[PDB]
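Asks: I'd like to ask some things about the structure below.
Number of protein chains: 2
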Amino acid sequence: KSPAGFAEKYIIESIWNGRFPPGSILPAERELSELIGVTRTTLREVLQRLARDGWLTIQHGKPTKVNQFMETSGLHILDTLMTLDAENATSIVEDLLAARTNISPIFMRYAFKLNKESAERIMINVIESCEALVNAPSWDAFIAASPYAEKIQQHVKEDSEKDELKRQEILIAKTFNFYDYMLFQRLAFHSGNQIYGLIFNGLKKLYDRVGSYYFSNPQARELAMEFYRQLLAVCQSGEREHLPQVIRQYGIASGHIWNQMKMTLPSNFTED
Amino acid sequence: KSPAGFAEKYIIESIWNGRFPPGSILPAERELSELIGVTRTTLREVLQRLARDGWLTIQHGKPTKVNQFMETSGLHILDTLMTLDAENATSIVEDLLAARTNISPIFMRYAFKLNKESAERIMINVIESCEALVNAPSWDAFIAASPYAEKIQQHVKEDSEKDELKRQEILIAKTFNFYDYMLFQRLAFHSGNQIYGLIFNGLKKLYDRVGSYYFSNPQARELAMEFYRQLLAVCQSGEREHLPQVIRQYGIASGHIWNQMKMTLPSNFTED
DNA sequence: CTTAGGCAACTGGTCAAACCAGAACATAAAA
DNA sequence: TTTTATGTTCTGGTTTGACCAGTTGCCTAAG
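Here is the structure:
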């Protein structure tokens, strides 16, 4: 393990399980330095990071106070909570799915009127790039499929000669998730209101973690593409009356798919 | 000024104006230590903070790369953005008001269904605590008016002495804004969906920044209170039928109030 | 020639021991 | 009694310079 990383995981977990409870005071830096096993400097960088995340309140002369997170932290903790409160990973995702289903008719609305075929262009881009499905397993010769530092996978949970067919399935899940997130976020910025885009930016780690498993099911990918083409039809037609109906039918359908995939969660699902 | 602070504002401002442009590479840590005037360690703490905010991408061996913010950062940058290009601080606020007017019918509906009782009680708490108006201006001998650390103003102003009654005006603005934020955020958490609460937690600095001036107007404060009571009437009544009417009449009304008050902006407005 | 070693010259990360500065509280002297 | 100093010692902030560790690429030595 690495010093700073272990320090951060130690402090965060100690706050979660109740060793550094919210509302108390984090012990002096000099003491955590010998309590954890890291030098003071490194521990201070960790502390600055965590405080910037909203776990702590720091100001010199006064003792470091352990914040009441969920009241100080932002949309980012939802990912961390998944690996801290795995028992309730069930609920978190369905919040993520609910929120997106609730606010999507809001920003897509405006997006379809203000920047109509910036919307249509990125949507078409997504749909046609989502032909990783009607192709043989290495489609990474199209696209100008160079900028994919986001989809990278070192699978080495292995024993046999199937690390090259499992890996490509996970790669497919990851790519479809890549384009899904691209769709929702880029459409969320073209609403003329930044906040809807910043929301997706905040939830991105959770979004990708959920998508990389949800899109390991072809049954979901085909509904996703159908959803995309329906949205495209809406934006092109220009009548937005049908938009909410589209979004909540997709919501309930993908909802049932998730209810099926909820039972058998990978056990690399809730981790860092 | 203090080292870490000047290093951070220097870096963020340099990224903003184009000296460390998005897409470029941040100079080596050893080079900025001598370009800025801070020791390397401190500069590293600053870098860790900024990277956690999403301004940079760090990994050792490779050069620190300056992220394309607005694609990496979250809801927090809107506040900094207010103080980086004040010229369009005009637009930013109108986003903060728009989003809130859009998503308020979303969570307030669910909050009025799941936790009707906690909703109305925290609302009642807010409304009755908002009797700082019908009282002589230093009213924090009520409430158990002790937990008041957000609630601080030694701005020092002055030429001499009517400078205990504008303080009290700004303090009235600050406390009313405090309760406004309490209402929206706490109602956003009692919806059963954490994300709506995390959104407000993320925007808290911008919300406080705008509110501390918007609520220096008594006419804005009582429209706010009548709004609170209308919402209370909705939650108590149990039919959510034009909760949305209530919310957007308040939206447009507060809209016009904001539209006259934008003209004369205090100009400690866009600063940290 | 080409190619597979391995050597530097980058980069960020960790480490050490002092010291600087704000905040607090006990306590002494003044009110 | 209460209250204004006042200073020791709590806390976090900054300094220094040295070393440790991945990354990349140049440049040998082997194919």
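So the protein sequences, as listed, match chains E and F.
Final position of the first sequence in PDB author numbering is 277; the numbers increase by one with none missing.
Final position of the second sequence in PDB author numbering is 277; the numbers increase by one with none missing.
Note that the Cβ used here is the ideal one computed from N, Cα and C, for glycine as well.
Answer yes or no: the CB of residue 12 of chain E versus the heavy atoms of the ligand SAM, is any distance below 6 Å?
Replies: Judged by which ligands are present, the structure shown has none, so any question about the ligand SAM falls away.
Asks: Please list the segments of the alpha helix (DSSP H) lying wholly inside the segment 90-130 of chain E, counting only runs of 4 or more residues, in order along the chain.
Replies: Entirely contained in the segment 90-130 of chain E, the alpha helix (DSSP H) runs reaching 4 residues are, in chain order, 94-119.
Asks: Quick one, which of F:253, F:221 and F:30 has its alpha-carbon nearest residue 236 of chain F's?
Replies: If you number the second sequence from 1, residue 236 of chain F lands on position 231. Minimum Cα distance to residue 236 of chain F is reached at F:253.
Asks: Residues of the segment 39-58 of chain E with a CB closer than 7 Å to any CB of chain F: list them in chain order, please.
Replies: Result list: 46, 49, 50, 53, 54, 57 and 58.
Asks: From the DSSP output, which residues share a beta bridge with residue 71 of chain E?
Replies: As a working mapping, residue 71 of chain E is identified with position 66 in the first sequence. According to DSSP, residue 71 of chain E bridges with E:61.
Asks: Which residues in chain E sit within 8 Å of residue 3 of chain F, going by Cβ to Cβ distance?
Replies: Since the first residue shown for chain F is 6 and the last is 277, residue 3 of chain F is missing from the structure and cannot be characterised.
Asks: Please return the same chain residues whose Cβ sits closer than 7 Å to the Cβ of residue 86 of chain F, not counting the five positions on each side in sequence.
Replies: Counted from its first residue, the second sequence places residue 86 of chain F at position 81. Hits under 7 Å: 97.
Asks: With a threshold of 16 other CB atoms inside 10 Å of the CB of residue 161 of chain F, please say whether the residue is buried or exposed.
Replies: As a first step, residue 161 of chain F must be located in the second sequence, where it is residue number 156. That one is exposed.
Asks: Quick one: is residue 139 of chain E buried, meaning 16 or more other Cβ sit within 10 Å of its Cβ, or exposed?
Replies: In the first sequence, residue 139 of chain E corresponds to position 134, counting from 1. By the neighbour-count rule (16 or more Cβ atoms within 10 Å), residue 139 of chain E is not buried but exposed.
Asks: Rounded to the nearest angstrom, what separates residue 102 of chain E and residue 214 of chain E at their Cα positions?
Replies: For the purposes of this step, residue 102 of chain E is taken as the residue at position 97 of the first sequence. For the purposes of this step, residue 214 of chain E is taken as the residue at position 209 of the first sequence. Each residue's Cα considered, the two are about 13 Å apart.
Asks: Does residue 103 of chain F have its Cβ less than 7 Å from a Cβ in chain E?
Replies: Working through the second sequence from its first residue, we reach residue 103 of chain F at position 98. With 7 Å as the cut-off, residue 103 of chain F counts as an interface residue toward chain E.
Asks: Our contact map puts residue 31 of chain F next to residue 61 of chain F with C-beta atoms below 8 Å; I'd like the distance itself, whole angstroms only.
Replies: The sequence position of residue 31 of chain F within the second sequence is 26, counting from 1. The sequence position of residue 61 of chain F within the second sequence is 56, counting from 1. Confirmed, Cβ separation roughly 6 Å.
Asks: Just list the residues that DSSP pairs residue 30 of chain E with in beta bridges.
Replies: Working through the first sequence from its first residue, we reach residue 30 of chain E at position 25. For residue 30 of chain E, which the question treats as bridged, DSSP gives the partners E:70.
Asks: Who are the neighbours of residue 270 of chain E on chain F, taking C-beta pairs under 8 Å?
Replies: The count along the first sequence starts at 1 and reaches residue 270 of chain E at position 265. Per Cβ cutoff of 8 Å: no residues; residue 270 of chain E is ~20 Å from chain F at best.
Asks: What in chain F is Cβ-close to residue 83 of chain E, meaning under 8 Å?
Replies: Position 78 of the first sequence, counting from 1, holds the residue named residue 83 of chain E. Going along chain F in sequence order, the residues near residue 83 of chain E (Cβ under 8 Å) are 199, 200 and 203.
Asks: Taking the alpha-carbon positions, what's the residue 27 of chain F to residue 117 of chain F distance?
Replies: By one-based count along the second sequence, residue 27 of chain F stands at place 22. By one-based count along the second sequence, residue 117 of chain F stands at place 112. In a straight line, the C-alpha of residue 27 of chain F is about 44 Å away from that of residue 117 of chain F.
Asks: Report buried or exposed for residue 53 of chain E, applying the criterion of at least 16 other Cβ atoms within 10 angstroms of its Cβ.
Replies: As a first step, residue 53 of chain E is located in the first sequence; it is residue number 48 there, counting from the start. Result: buried.
Asks: Using a Cβ cut-off of 7 Å, pull out every chain E residue sitting near residue 107 of chain F, in sequence order please.
Replies: Position 102 of the second sequence, counted from the start, is the residue given in the question as residue 107 of chain F. 111, listed in chain order.
Asks: When you compare only the Cα positions, how much space is there between residue 193 of chain F and residue 200 of chain F?
Replies: In the second sequence, the residue the question calls residue 193 of chain F occupies position 188. In the second sequence, the residue the question calls residue 200 of chain F occupies position 195. Residue 193 of chain F and residue 200 of chain F: Cα-Cα distance of roughly 8 Å.
Asks: Taking the straight line between their C-alpha atoms, what separation do you get for residue 124 of chain F and residue 176 of chain E?
Replies: Taking the second sequence and counting its residues from 1, one reaches residue 124 of chain F at position 119. Taking the first sequence and counting its residues from 1, one reaches residue 176 of chain E at position 171. Going by the C-alpha atoms only, they are around 45 Å apart.
Asks: From residue 82 of chain F to residue 277 of chain E, what does the alpha carbon distance come to, in whole angstroms?
Replies: For the purposes of this step, residue 82 of chain F is taken as the residue at position 77 of the second sequence. For the purposes of this step, residue 277 of chain E is taken as the residue at position 272 of the first sequence. C-alpha separation (whole angstroms): 25 Å.
Asks: By Cβ distance, which residues of its chain are closer than 7 Å to residue 73 of chain E, with the 5 residues on each side in sequence left out?
Replies: The residue given as residue 73 of chain E occupies position 68 in the first sequence. Closer than 7 Å at the Cβ level, and outside the excluded window around residue 73 of chain E, lie 27 and 28.
Asks: By the DSSP assignment, the alpha helix (DSSP H) with residue 167 of chain E in it spans what residues?
Replies: To locate residue 167 of chain E, count along the first sequence from 1; it is residue 162. Segment: none, residue 167 of chain E is in no alpha helix (DSSP H) and carries neither H nor E.
Asks: My guess is that residue 20 of chain F and residue 51 of chain F are in contact by the Cβ rule of under 8 Å, so how many angstroms apart are they, rounded?
Replies: On the second sequence, residue 20 of chain F is found 15 positions in, with the first residue counted as 1. On the second sequence, residue 51 of chain F is found 46 positions in, with the first residue counted as 1. Rounded, the Cβ-Cβ distance is 12 Å, inconsistent with contact.
Asks: Does any CB atom of chain F fall closer than 7 Å to the CB of residue 256 of chain E?
Replies: Sequence index remark: in the first sequence, residue 256 of chain E carries index 251 (1-based). It does not; no Cβ of chain F falls within 7 Å.
Asks: Could you tell me the alpha carbon to alpha carbon distance between residue 18 of chain E and residue 37 of chain E, rounded to whole angstroms?
Replies: Taking the first sequence and counting its residues from 1, the one referred to as residue 18 of chain E is at position 13. Taking the first sequence and counting its residues from 1, the one referred to as residue 37 of chain E is at position 32. When rounded, the distance between both Cα atoms is 14 Å.
Asks: In angstroms, rounded to a whole number, what distance separates the CA positions of residue 243 of chain F and residue 251 of chain F?
Replies: Here residue 243 of chain F is taken as the residue at index 238 of the second sequence, counted from 1. Here residue 251 of chain F is taken as the residue at index 246 of the second sequence, counted from 1. Their Cα atoms are separated by approximately 14 Å.
Asks: Does residue 159 of chain E come out as helix, strand or coil in the three-state DSSP assignment?
Replies: Residue mapping note: residue 159 of chain E aligns to position 154 of the first sequence, counting from 1. Of the three classes helix, strand and coil, the one that applies to residue 159 of chain E here is coil, per DSSP.
Asks: To test your reading of the DSSP string, which unbroken beta strand (DSSP E) runs of 3 or more residues are found completely within the segment 210-269 of chain E?
Replies: Within the segment 210-269 of chain E, no complete beta strand (DSSP E) run reaches 3 residues.
Asks: Give the interface partners of residue 278 of chain E over in chain F, defined as CB-CB distance under 7 Å, in chain order.
Replies: Residue 278 of chain E falls outside the range modelled here, since chain E spans only 6 to 277, and no answer is possible.
Asks: In chain order, what residues of the same chain have a beta carbon less than 8 Å from the beta carbon of residue 271 of chain F, not counting five sequence neighbours either side?
Replies: Taking the first residue of the second sequence as 1, we reach residue 271 of chain F at position 266. Around residue 271 of chain F: 218.
Asks: Cβ of residue 57 of chain E within 7 Å of Cβ of residue 49 of chain F?
Replies: To locate residue 57 of chain E, count along the first sequence from 1; it is residue 52. To locate residue 49 of chain F, count along the second sequence from 1; it is residue 44. No.
Asks: Whole angstroms is fine: what's the gap from residue 127 of chain F's alpha carbon to residue 197 of chain F's?
Replies: Looking up residue 127 of chain F in the second sequence gives position 122. Looking up residue 197 of chain F in the second sequence gives position 192. Taking the straight line from one Cα to the other gives about 15 Å.
Asks: Between the segment 144-176 of chain E and chain F, which residues of the former have CB atoms less than 8 Å from a CB of the latter, in chain order?
Replies: Cβ contacts with chain F: none found.
Asks: If you follow the alpha helix (DSSP H) that residue 153 of chain F is in, where does it begin and where does it stop?
Replies: Walking along the second sequence from the start, residue 153 of chain F turns up at place 148. Element bounds for residue 153 of chain F: n/a, residue is neither H nor E.
Asks: Determine whether the beta carbon atoms of residue 275 of chain F and residue 88 of chain F lie at a separation below 7 Å.
Replies: The residue given as residue 275 of chain F occupies position 270 in the second sequence. The residue given as residue 88 of chain F occupies position 83 in the second sequence. Yes. Within cutoff.
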